[PDB]
């Protein structure tokens, strides 16, 4: 029952963010939540093209890197490419069919688009620093460590999408499919969405910032500076993205948008906690993989793992979760130099 232009003349200001009447007319003269309209405008103002950045010198730096430092840099590069390959398509595929207000619909399409620019930037970097890019891109799929993260992250999207299709096709209730029992529940579907949004919030607010530290650590050594200029632009976008998911999540659990969502959010509040913790742990184990052959000046397994905890505490408080780790100060305050923008607060506060 998804329609690309619903014929009912509804008041889009009184629709919920999700699971309401699919958006017919795309209008921007008004909005239920102006935050999404502000995000669209900011993201539009930030528009950049990867080719604007000269990454020529990064080829030289890369070739001169010790093998284990190559491993650090290229592993990080591959992981970023994985994440935003997923973020390129997934917000559109998973969220669009469920959105019922115009400003949110357009923000999601703008969000996803900006991710394809990130993906394109990683191609721009890879083509310039390695001789055979195919080796790199193929390893993104076959790498045992990367593959584990891809599966967990993509499953939150995949389950939401499949349950959505059933909902559109069958509607709410218990059904008979080829002799099996299929129980479609809006409440369950609402839960699948909330969890998915929690996962994506962690993806962008935590997982990517761990990666930014690895990149900017080379830049601190005055290496891979072209790559760093691009990460700076990517980081500025990422601050908008996570802001978006933080408002979605908070508006959902407050009950102001949908009172039923408030209950569901409280029900799986433990699950969301466990989700964020499992992600933080997975990034700690990733630090182990990065530095398994040695570390470099200014960044190692110990330091990066501290940063994971420091950033994870911050992000979780923002979405109303208990802090899983000891209260600590910023283990790498030098990263705030790179995580800065005059138009948005990139660095976590």
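Residue numbers count along the first chain shown, from 1.
Looking at 39 to 47 and 301 to 309 together, the entry lists the larger mean B-factor for 301 to 309, computed on C-alpha atoms.
The mean C-alpha temperature factor is higher for 254 to 262 when 254 to 262 and 194 to 202 are set side by side. Comparing the C-alpha B-factors of 226, 91, 179, 102 in the entry, the top value falls on 179. Across the residues 183, 110, 123, 76, the deposited record lists the maximum Cα B factor for 183. Ranked within its chain, residue 237 lands in the lowest third, by CA B factor from the PDB record.
Sort the modelled residues of the chain by CA B factor and residue 84 lands in the lowest third. In the deposited entry, the Cα temperature factor of residue 217 sits in the bottom third of values across the chain's modelled residues. Ranked by Cα temperature factor within the chain, residue 57 sits in the middle third according to the deposited record. Residue 209 sits in the lowest third of its chain by CA B factor, as recorded in the PDB entry.
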